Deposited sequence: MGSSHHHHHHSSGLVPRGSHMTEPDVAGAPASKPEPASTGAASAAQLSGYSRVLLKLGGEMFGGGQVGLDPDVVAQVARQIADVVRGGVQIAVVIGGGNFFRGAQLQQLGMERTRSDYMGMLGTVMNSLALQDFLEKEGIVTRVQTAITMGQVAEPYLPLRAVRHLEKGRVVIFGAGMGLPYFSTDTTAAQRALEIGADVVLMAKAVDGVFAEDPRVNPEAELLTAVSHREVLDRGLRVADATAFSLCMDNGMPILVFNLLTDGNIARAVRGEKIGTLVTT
């Protein structure tokens, strides 16, 4: 009734918590959350964002080149990746980082077949640096990664209960017809065209992933 494997997307504020940089109090809670869901037998893969450092869109409006900016952003996601990797291991969770941009000793490259084979071994795969291409967003990276590793659903982890009065379950068509926010613009088209459910839920409420991954009606569940 619930989800077997899932792809968790964590914006940059899930590691900064509204400020800039790393905020170990938030990162530690996130790992606690993911730590329990992994012990429950679920297969969790994580797409880290870079909002707490740079967003190439905000840097080109600043005058900077979009491409330099976009790459600065991705490297930021590789730092958050390592940070999440570190706390997860202090929780007793085996993690594996794979970066879109081939880095050397830092992390392993994007081997999508192996990434799925880590999940079947009960490991946490952390996809860093997004897709490694300027002019794309983390959200779109969560979709492509969720589609390719065969996750049962994408978990848009926000710091807010859901989609707004709140909603308990909508369609992909209704999100566009209603102009509803949350879930990226490009990412949502890629999910809808492929029948990838999106579950927007509050991650900072202690114990939501355990429940959301459990299948309980929480947050907003975009389907079909």
item	value
Ranges missing from the model, given as deposited sequence positions	1-47, 212-221
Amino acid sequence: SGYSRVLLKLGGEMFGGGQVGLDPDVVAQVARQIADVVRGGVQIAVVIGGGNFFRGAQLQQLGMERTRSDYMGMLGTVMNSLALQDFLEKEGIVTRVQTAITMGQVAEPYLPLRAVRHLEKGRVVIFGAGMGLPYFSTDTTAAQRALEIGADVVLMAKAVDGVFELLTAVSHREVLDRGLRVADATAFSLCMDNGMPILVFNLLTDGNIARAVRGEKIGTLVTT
From here on, numbers count along this sequence of modelled residues.
property: Average Cα temperature factor in the PDB entry - higher stretch of 190-198, 55-63; result: 55-63
property: 126-134 versus 150-158 - greater average Cα B-factor per the deposited record; result: 150-158
property: Candidate set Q43, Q33, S69, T168 [ranked by C-alpha B-factor, highest]; result: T168
property: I101 - which third its CA temperature factor falls in, relative to the rest of the chain; result: middle
